[PDB]
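J.:
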Amino acid sequence: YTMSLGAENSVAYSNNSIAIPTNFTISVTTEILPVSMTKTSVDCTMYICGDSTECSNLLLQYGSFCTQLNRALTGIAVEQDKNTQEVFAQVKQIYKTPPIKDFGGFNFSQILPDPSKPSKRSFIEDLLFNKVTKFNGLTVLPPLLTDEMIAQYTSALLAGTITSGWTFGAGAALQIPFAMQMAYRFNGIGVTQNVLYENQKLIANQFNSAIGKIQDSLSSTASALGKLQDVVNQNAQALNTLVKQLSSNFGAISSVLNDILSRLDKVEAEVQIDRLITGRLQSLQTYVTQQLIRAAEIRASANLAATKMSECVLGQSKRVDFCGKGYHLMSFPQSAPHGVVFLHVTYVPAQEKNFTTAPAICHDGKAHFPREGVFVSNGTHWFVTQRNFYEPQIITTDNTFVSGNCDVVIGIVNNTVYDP
Amino acid sequence: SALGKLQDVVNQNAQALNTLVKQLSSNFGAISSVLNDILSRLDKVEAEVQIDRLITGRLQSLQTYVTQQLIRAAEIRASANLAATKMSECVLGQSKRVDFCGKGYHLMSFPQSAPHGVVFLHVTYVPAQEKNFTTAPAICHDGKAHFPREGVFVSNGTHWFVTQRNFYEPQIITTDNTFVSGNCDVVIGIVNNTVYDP
Amino acid sequence: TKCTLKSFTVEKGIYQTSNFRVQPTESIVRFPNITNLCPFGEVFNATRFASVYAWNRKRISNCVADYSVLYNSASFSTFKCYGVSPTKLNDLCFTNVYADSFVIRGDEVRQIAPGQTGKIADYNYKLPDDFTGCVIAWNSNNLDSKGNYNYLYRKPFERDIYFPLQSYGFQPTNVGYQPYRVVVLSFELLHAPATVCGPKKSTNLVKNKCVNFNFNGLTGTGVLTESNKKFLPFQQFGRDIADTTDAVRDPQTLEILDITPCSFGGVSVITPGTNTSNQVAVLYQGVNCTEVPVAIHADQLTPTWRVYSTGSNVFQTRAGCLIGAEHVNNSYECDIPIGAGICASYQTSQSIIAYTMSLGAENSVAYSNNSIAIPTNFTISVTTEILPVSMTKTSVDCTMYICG
Amino acid sequence: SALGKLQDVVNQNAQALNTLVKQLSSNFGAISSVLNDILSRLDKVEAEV
Amino acid sequence: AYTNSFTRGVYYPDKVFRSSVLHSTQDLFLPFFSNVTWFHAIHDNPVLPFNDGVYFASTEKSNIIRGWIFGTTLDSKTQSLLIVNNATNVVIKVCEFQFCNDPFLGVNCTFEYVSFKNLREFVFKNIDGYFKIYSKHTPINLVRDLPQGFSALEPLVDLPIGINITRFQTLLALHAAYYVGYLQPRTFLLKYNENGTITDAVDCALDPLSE
Ligand SMILES: *[C@@H]1O[C@H](CO)[C@@H](O[C@@H]2O[C@H](CO)[C@@H](O)[C@H](O)[C@H]2NC(C)=O)[C@H](O)[C@H]1NC(C)=O
Ligand SMILES: *[C@@H]1O[C@H](CO)[C@@H](O[C@@H]2O[C@H](CO)[C@@H](O)[C@H](O)[C@H]2NC(C)=O)[C@H](O)[C@H]1NC(C)=O
Ligand SMILES: *[C@@H]1O[C@H](CO)[C@@H](O[C@@H]2O[C@H](CO)[C@@H](O)[C@H](O)[C@H]2NC(C)=O)[C@H](O)[C@H]1NC(C)=O
Ligand SMILES: *[C@@H]1O[C@H](CO)[C@@H](O[C@@H]2O[C@H](CO)[C@@H](O)[C@H](O)[C@H]2NC(C)=O)[C@H](O)[C@H]1NC(C)=O
Ligand SMILES: *[C@@H]1O[C@H](CO)[C@@H](O[C@@H]2O[C@H](CO)[C@@H](O)[C@H](O)[C@H]2NC(C)=O)[C@H](O)[C@H]1NC(C)=O
Ligand SMILES: *[C@@H]1O[C@H](CO)[C@@H](O[C@@H]2O[C@H](CO)[C@@H](O)[C@H](O)[C@H]2NC(C)=O)[C@H](O)[C@H]1NC(C)=O
Ligand SMILES: *[C@@H]1O[C@H](CO)[C@@H](O[C@@H]2O[C@H](CO)[C@@H](O)[C@H](O)[C@H]2NC(C)=O)[C@H](O)[C@H]1NC(C)=O
Ligand SMILES: *[C@@H]1O[C@H](CO)[C@@H](O)[C@H](O)[C@H]1NC(C)=O
Ligand SMILES: *[C@@H]1O[C@H](CO)[C@@H](O)[C@H](O)[C@H]1NC(C)=O
Ligand SMILES: *[C@@H]1O[C@H](CO)[C@@H](O)[C@H](O)[C@H]1NC(C)=O
Ligand SMILES: *[C@@H]1O[C@H](CO)[C@@H](O)[C@H](O)[C@H]1NC(C)=O
Ligand SMILES: *[C@@H]1O[C@H](CO)[C@@H](O)[C@H](O)[C@H]1NC(C)=O
Ligand SMILES: *[C@@H]1O[C@H](CO)[C@@H](O)[C@H](O)[C@H]1NC(C)=O
Ligand SMILES: *[C@@H]1O[C@H](CO)[C@@H](O)[C@H](O)[C@H]1NC(C)=O
Ligand SMILES: *[C@@H]1O[C@H](CO)[C@@H](O)[C@H](O)[C@H]1NC(C)=O
Ligand SMILES: *[C@@H]1O[C@H](CO)[C@@H](O)[C@H](O)[C@H]1NC(C)=O
Ligand SMILES: *[C@@H]1O[C@H](CO)[C@@H](O)[C@H](O)[C@H]1NC(C)=O
Ligand SMILES: *[C@@H]1O[C@H](CO)[C@@H](O)[C@H](O)[C@H]1NC(C)=O
Ligand SMILES: *[C@@H]1O[C@H](CO)[C@@H](O)[C@H](O)[C@H]1NC(C)=O
Ligand SMILES: *[C@@H]1O[C@H](CO)[C@@H](O)[C@H](O)[C@H]1NC(C)=O
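Protein chains in written order, with full-length UniProt numbering: chain A, 695 to 827, 854 to 1140; chain B, 943 to 1140; chain C, 299 to 444, 447 to 454, 462 to 468, 489 to 501, 503 to 676, 689 to 744; chain D, 943 to 991; chain E, 27 to 69, 80 to 143, 165 to 172, 186 to 245, 263 to 298.
1) So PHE1042 of chain B packs on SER1030 of chain A, CB below 8 Å; how close in whole Å?
2) Please find out if some non-hydrogen atom of ligand 6 comes closer than 7 Å to the beta-carbon of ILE923 of chain A.
3) May I ask you to list, following chain order, the residues of the segment 346 to 367 of chain C that have a beta carbon less than 7 Å from some beta carbon of chain E?
4) Identify each residue in the segment 913 to 929 of chain A for which the Cβ-Cβ distance to at least one residue of chain B is less than 7 Å, and report them in chain order.
5) List, in order along the chain, the chain B residues whose C-beta lies closer than 8 Å to that of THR768 of chain A?
6) Give the straight-line distance between the Cα atoms of residue 262 of chain E and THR51 of chain E, rounded to the nearest whole angstrom.
7) Per DSSP, what kind of secondary structure is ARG34 of chain E in: helix, strand or coil?
8) On a Cα-Cα basis, can you pick out the residue from E:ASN188, E:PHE43, E:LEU54, E:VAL227 that is closest to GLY268 of chain E?
9) Tell me, to the nearest whole angstrom, how far the beta carbon of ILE624 of chain C is from that of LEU611 of chain C; I am working on the premise that it is less than 8 Å.
10) Report the CB separation of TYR789 of chain A from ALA876 of chain A in whole angstroms; it is logged as a contact under 8 Å.
11) Distance check for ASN280 of chain E and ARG983 of chain D, CA to CA, integer angstroms please.
12) Checking contacts by CB at 8 Å: is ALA520 of chain C closer than that to chain E?
13) Hey, is the segment 1002 to 1015 of chain B in contact with the segment 702 to 722 of chain C, meaning 3+ C-beta pairs nearer than 8 Å?
14) For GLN1071 of chain A, I'd like the list of residues in its chain whose CB is within less than 7 Å of its CB, leaving aside the five on either flank, ordered along the chain.
15) So, does the CB of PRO715 of chain C fall closer than 8 Å to a CB anywhere in chain B?
16) Judging by CA-CA distance, which residue of C:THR345, C:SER383, C:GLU516, C:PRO330 is the nearest neighbour of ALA397 of chain C?
17) What residues from chain C crowd round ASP198 of chain E, counting only those whose CB sits closer than 9 Å?
18) What does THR1077 of chain A pair with, by DSSP beta-bridge criteria?
19) Could you work out which residues of chain C lie near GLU1072 of chain B, taking near to mean beta carbons separated by less than 8 Å?
20) Given that a residue counts as buried once 16 or more other Cβ atoms are within 10 Å of its Cβ, and exposed if not, what is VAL963 of chain B?
21) Assuming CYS166 of chain E and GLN115 of chain E make a contact with CB atoms under 8 Å, what is their CB distance in whole Å?
22) Taking C-beta pairs closer than 7 Å, name the residues in chain D that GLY413 of chain C reaches, listed in chain order.
23) Are there any heavy atoms of ligand 5 lying less than 7 Å away from the beta-carbon of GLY1099 of chain B, as far as the coordinates show?
24) List the residues of chain E whose Cβ lies closer than 7 Å to the Cβ of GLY550 of chain C, in chain order.
25) Can you list, in chain order, every residue whose CB sits closer than 6 Å to a heavy atom of ligand 10?
26) Would you please verify whether the beta carbon of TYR707 of chain C is less than 8 Å from any beta carbon of chain B?
27) If contact means a Cβ-Cβ distance below 7 Å, which residues of the segment 1027 to 1044 of chain A contact chain B?
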């Protein structure tokens, strides 16, 4: 079929109509990023020549190809530890979780560590770690940080984020009550903070339920981890491609090097072995070139992850649609195999009403404008209200600043403005 | 060792050239590494075989170098775009972007040139000398709940003050420092006080 | 390490070495132990050879060959071999050998090779393009000449049983027009058990040490061991993902042997800068500490190197065995990264210590539902950030680099 | 000339393809650039080299 | 008449052990889901084509189908291949044997050798003058016909006997049912298990999913 681009929608635009959301939903959109790739390293002499002395000598005549390949792969290998450390090690102190969980009704228990596992991954980190899956001179080196060390850093970042807001990025962590941290996150999106406190139990239930929906999503749906599983698949497939190329003739009488040396005398055998060396070496150069370009793709993702860590875990980001859809509130990092997962908490507005609106109001000749928010009417009465959550306030000289007069402004409307 | 990145960019490019030069010593299975040996020792029917090995090997070495330099140039270009972005946002502006402009809250940055690079002196405000305080999200006055316009409520133990978030500066709680929103019932952890009306 | 880096100074770090160790090795030889001698003294010596339209063909099997005495016989005008060299035939061996025998005119040797031209090769003795074996020929004017008009000529290996039936009246008075005999030996190098093998004597069998083994012609090198692989009864070799020999059945005892390469335990050397000290520690990647001297064949290794097998300064990381570093229970910033949470440093009385790296000073934020910490003062930091912006503009006259 | 980046991205891909196609004209040391010349003039054992 | 071969007629391509690997190989194999010709022991011993190589099988309970004959003309003019499976023994020969067009077993001769409840499966082929036999014997659950399922035929024989076989026949005991199919050159994907054994396969040319 011809693909749908999305549902069609005529926006109800007109020169005096505004829709203001009367309610919200919190959301907890997962975002998944690769950070490192499986650190290979190759003994290029062992790969090309497999302990053959004749081949081990012949490969010397091709010069510093072999050592510059080991150098390139070593550069890639160290770059993985660098990528991993730049994403997680943004916090200098291992902040540990408080003994009592009085976070104003919010419930992080599914994303904080669990002492019940010998590696203390959180519940959601265990879902993530479950939803993702030799002699020919190839090797896989381990990461510098163990999966448990990564889980200490994601716990430190998280326990800082929960107890202290952005402050643990800017200096030493400052404790602040979680219902006071969220009032700061609400001012950071232009929602007046009383809209948190008057709705605190609702907002706690929306957040707690949204974390629950992530456990159901991750329990049911393996394809969410596609980015990380693809990064595992490509590196396993590149290794298996490089191994299977040992079986190819490249124009020699056999692809098995010990056949040639059992079957031909040295003057003949050198010509055959030059074909296998050239083929295997060209295959190794091909593999290393793929891994360099792929490591650059991973490093671009690692720098993005390190930036989302700095802006959205250690901070709150004004960058529209950078940290999940909706206005960003905060993000919790979770470790994952060769990657990171951010649980971007966002405020998404909902339950619109339409209102008649005016850019300004005339009182006694003076044109009044809102200090913050917009003018709206229910039909009969005019109110000023904040932009992102309908909250009608009486129009006053505290809520409004004067500038000039009724002559200049297009679409200005008459009203009383009250003097307190 | 502070200059390690710029010195490493110099080292990598010198190492790549010295590697590319040393590959001229490799004979790639030809009877010599040096082209004038082959041309003087062998006649054309034989020499065209051996010289084609050298051409193949030297060409494959040059292709390898150009491939490294293309990938290294992309790595440098990502750093140049990043540096140009710091120049635009961080020198030419003030950045809201946490830990983009050094560490701590950003004030301003001064660029300084360096060989094959740039150095930014990121000036940043870092807070210091914490005090602990008892705090509340709201203040009850006469049944109305008052919230701070800017900053937070704190107490020294005997009096309640409002103060800006990032530098302790206690002000008396007033109808100018605070906005009403509804009544005392709804807010978790609200505390009583008076709110002074000027 | 100094050799791996082509440098007499080495900086603080961990370096994966190229293997330069001496690994002296010894040979091991294994074959079927049948005792019959092969009938080459019949084949190269028959009363009269066949006409090439209908050449002789004798299977040679279940016997010991002497390609050495044939290759050293002064009888042969040519002994040209294809896919094999005539020397190696004594050390290599075969499931079967087929000898094809006939007379030719001495001018016709051209037609007896893989894919060659001419009417004998087109009609009645096609050789495949990938023929493995030897073509051996000599003058027979002393025997096959008389003239002897019986000598008659006309897919690979098909006997071709107006008429195409051309023939030579061979006479002793004929010189390119003289008869020559030719034998072609075709060799069956398939994976079945060998039955024709060279005069080379089998040795005893050695296990759990690095050896240059031959089984039936497989002249490999590696650590032979017994194995648990359930071969099907007809299988004689077992193979890796690489299509390389991973296992064999021994020809004299039907036990299954694994093969494994020597020094697969990859070496990294952990060093402070040589400007600080000449002391180093060794990480053997992947291996288990109790196996290290066996894995690197320390039994035949230089004594100054051999100090890096055993010695109580030995530590099992998840990354592999670390030797010559001192394990420590304290934790510090990572000086040299080793892997899987381990780092080394050079410290005080001095040694290379190795430790689980410290992720940072541990702290509990003093949280409660009513406590806040507000800063009463500040410090203006001036954090410095350094970024690359360009690299050395090169340009290569590639004609002068390649051909100057 | 305002569209410099887009026209450059088109030009580079056209340049790369035309270079890749032109390389089919190159001998690389074979007796002809054109495979059908070799396959018509030479018998298999010579032609494979 | 015909029946569906399903996945029958795979055999070990070489005498090599492989563990766990998905090996890929090209050889003369019976195409999957091919039309095999079906025969019954009633008024049989005809002469069929051999084509480029044969798959043969018989469903059994008492060894009524006891042998085979192969060649060009099967009439003493040439060294015909003859095979018999007689209880405690198995017999294979080539010679100028002579028979009428109705041979039965009573209830240049370069080689000569001696060693429904069930199905016996075989492959007979010639390449480069080397004749080969592969086989398997099994009990069966389906009483009617070739059971839908998979098992790799293990090698019995290689002989360098060089006969230009174009026709063949099977032999009955007289005072049972059997199948004939033909090999085609096919690329196959073969799944080896941990025990050196082929346990699944794909006929690559069968359909676009197999490709
Ligand atoms: C704002 O939206 C929320 C849902 O996002 C509303 O909360 C639900 O209210 C209904 C009754 O109207 C209850 O059955 C649900 O259980 C509530 N859900 C939760 C998560 O508490 C809320 O009532 C809306 N508020 C206003 C003023 O419209
Ligand atoms: C935080 O949420 C978890 C579930 O996400 C709650 O865990 C339940 O706790 C009760 C006892 O209080 C047990 O009976 C349930 O079996 C627990 N459920 C699970 C799935 O473990 C926990 O109580 C919540 N804590 C707070 C303070 O809200
Ligand atoms: C617009 O808002 C005003 C104020 O909320 C509404 O006026 C009040 O309406 C209620 C009944 O809905 C009365 O009980 C109050 O006494 C009214 N206040 C005054 C000062 O008269 C007005 O009805 C709203 N109009 C619409 C169309 O919703
Ligand atoms: C707002 O109210 C003023 C009166 O308070 C209206 O002004 C009058 O408008 C008419 C028509 O233009 C003129 O004839 C009068 O002279 C105006 N009087 C004054 C004092 O200016 C004005 O039209 C109203 N505007 C709206 C949008 O309702
Ligand atoms: C909390 O702050 C208030 C105001 O700074 C302090 O009250 C004053 O205390 C001084 C003595 O320290 C008296 O001279 C003033 O007359 C008090 N002013 C008022 C308006 O009462 C209070 O002492 C501080 N408490 C603590 C524990 O620091
Ligand atoms: C804030 O002060 C008011 C009184 O000014 C407290 O209200 C009284 O609370 C008690 C205990 O619940 C009741 O018995 C009284 O009837 C309440 N009096 C009135 C006039 O409402 C209130 O509890 C205080 N709140 C806090 C958090 O300190
Ligand atoms: C194998 O033997 C058959 C006969 O049994 C040969 O087939 C005949 O070949 C000639 C040409 O040489 C044709 O004119 C006949 O029509 C063929 N007869 C049949 C029945 O096909 C066949 O050529 C031999 N195979 C080879 C490779 O020589
Ligand atoms: C606003 O009013 C218009 C009137 O045409 C209507 O189409 C639209 O659906 C309304 N929007 C909402 C959110 O009620
Ligand atoms: C809105 O549009 C109408 C015509 O559709 C026009 O007459 C009217 O003056 C406009 N009002 C404002 C406030 O722009
Ligand atoms: C704040 O008070 C708690 C009380 O237990 C104490 O542990 C903590 O060190 C104090 N912090 C500061 C910065 O004074
Ligand atoms: C604050 O925490 C204490 C226990 O640490 C508890 O008794 C008290 O009720 C809590 N108060 C609020 C406002 O949450
Ligand atoms: C061939 O036979 C003669 C005797 O007839 C013998 O002297 C000679 O050594 C034999 N040579 C070979 C190669 O068998
Ligand atoms: C190998 O030789 C021994 C005697 O040295 C013999 O007993 C054994 O049967 C031979 N091996 C085979 C496979 O026959
Ligand atoms: C070399 O070591 C000495 C101390 O032995 C130290 O003073 C010097 O700075 C070092 N130089 C370098 C280049 O490491
Ligand atoms: C190391 O090898 C010994 C036997 O030498 C064995 O008991 C032990 O379990 C092995 N340990 C590891 C970590 O592989
Ligand atoms: C290190 O800790 C272990 C227990 O984990 C202890 O047995 C050992 O004596 C300690 N060693 C040192 C040098 O402190
Ligand atoms: C088998 O042969 C018949 C014609 O005899 C044909 O209709 C049928 O399609 C064939 N089977 C398959 C699987 O194609
Ligand atoms: C099988 O047939 C052969 C002759 O073809 C005979 O030697 C052997 O004894 C027979 N065995 C049985 C059980 O009939
Ligand atoms: C073998 O072939 C010949 C003709 O070459 C023929 O006379 C003879 O009868 C055949 N042998 C037998 C046993 O029939
Ligand atoms: C391998 O063979 C053993 C018996 O030796 C059997 O238990 C096991 O199930 C077999 N495994 C497979 C994958 O066939």
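Heads up, the beta-carbon is just placed ideally off N, CA and C, and yes, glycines get one too.
T.: Based on what the coordinates show:
1) As a working mapping, residue 1042 of chain B is identified with position 100 in the second sequence. As a working mapping, residue 1030 of chain A is identified with position 310 in the first sequence. About 7 Å; that satisfies the 8 Å criterion.
2) Walking along the first sequence from the start, residue 923 of chain A turns up at place 203. No, since every heavy atom of ligand 6 falls outside the 7 Å radius drawn around the Cβ of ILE923 of chain A.
3) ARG357
4) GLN913, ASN914, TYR917, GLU918, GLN920
5) Translated into the one-based positions of the first sequence, residue 768 of chain A becomes position 74. What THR768 of chain A touches in chain B: nothing, since even the nearest Cβ is about 13 Å away.
6) As shown, the structure holds no coordinates for residue 262 of chain E; chain E passes over it, running from 245 to 263.
7) For the purposes of this step, residue 34 of chain E is taken as the residue at position 8 of the fifth sequence. Of the three classes helix, strand and coil, the one that applies to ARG34 of chain E here is coil, per DSSP.
8) Sequence index remark: in the fifth sequence, residue 268 of chain E carries index 181 (1-based). When only C-alpha atoms are compared, the closest one is E:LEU54.
9) In the third sequence, counting from the first residue as 1, residue 624 of chain C sits at position 296. In the third sequence, counting from the first residue as 1, residue 611 of chain C sits at position 283. 12 Å between Cβ atoms; not a contact.
10) What you label residue 789 of chain A is simply residue 95 of the first sequence in a count that begins at 1. What you label residue 876 of chain A is simply residue 156 of the first sequence in a count that begins at 1. So it is a contact: roughly 5 Å between Cβ atoms.
11) The residue given as residue 983 of chain D occupies position 41 in the fourth sequence. The residue given as residue 280 of chain E occupies position 193 in the fifth sequence. Near 49 Å, if we compare the C-alpha coordinates of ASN280 of chain E and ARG983 of chain D.
12) Working through the third sequence from its first residue, we reach residue 520 of chain C at position 192. Taking Cβ atoms only, chain E reaches closer than 8 Å to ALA520 of chain C, which makes this a yes.
13) no
14) Residue numbering aside, residue 1071 of chain A sits at position 351 when the first sequence is read from its first letter. Excluding sequence neighbours, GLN1071 of chain A sits near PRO715, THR716, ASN717.
15) Position 375 of the third sequence, counting from 1, holds the residue named residue 715 of chain C. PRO715 of chain C counts as touching chain B.
16) Sequence index remark: in the third sequence, residue 397 of chain C carries index 99 (1-based). Nearest C-alpha to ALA397 of chain C: C:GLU516.
17) For the purposes of this step, residue 198 of chain E is taken as the residue at position 128 of the fifth sequence. Near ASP198 of chain E (Cβ distances below 9 Å), the residues of chain C are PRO426, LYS462, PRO463, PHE464.
18) Position 357 of the first sequence, counted from the first residue, corresponds to residue 1077 of chain A. Note: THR1077 of chain A sits in a beta bridge opposite A:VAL1096.
19) Taking the second sequence and counting its residues from 1, one reaches residue 1072 of chain B at position 130. Neighbours of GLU1072 of chain B on chain C, chain order: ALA713, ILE714, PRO715, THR716.
20) Position 21 of the second sequence, counting from 1, holds the residue named residue 963 of chain B. Classification of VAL963 of chain B: exposed, given that the 10 Å Cβ count is below 16.
21) Taking the fifth sequence and counting its residues from 1, the one referred to as residue 166 of chain E is at position 109. Taking the fifth sequence and counting its residues from 1, the one referred to as residue 115 of chain E is at position 79. Going by Cβ atoms, the distance from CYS166 of chain E to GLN115 of chain E rounds to 6 Å, so yes, they are a contact pair.
22) Position 115 of the third sequence, counting from 1, holds the residue named residue 413 of chain C. Neighbours of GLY413 of chain C on chain D, chain order: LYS986, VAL987.
23) Indexing the second sequence from 1 puts residue 1099 of chain B at position 157. Correct: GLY1099 of chain B has its Cβ closer than 7 Å to ligand 5.
24) Counting from 1 along the third sequence, the entry for residue 550 of chain C is found at position 222. Neighbours of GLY550 of chain C on chain E: none; closest Cβ ~17 Å, over 7 Å.
25) B:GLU1072, B:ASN1074, C:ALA706, C:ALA713
26) Working through the third sequence from its first residue, we reach residue 707 of chain C at position 367. False, the Cβ-Cβ gap to chain B never drops below 8 Å.
27) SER1030, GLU1031, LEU1034, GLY1035, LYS1038
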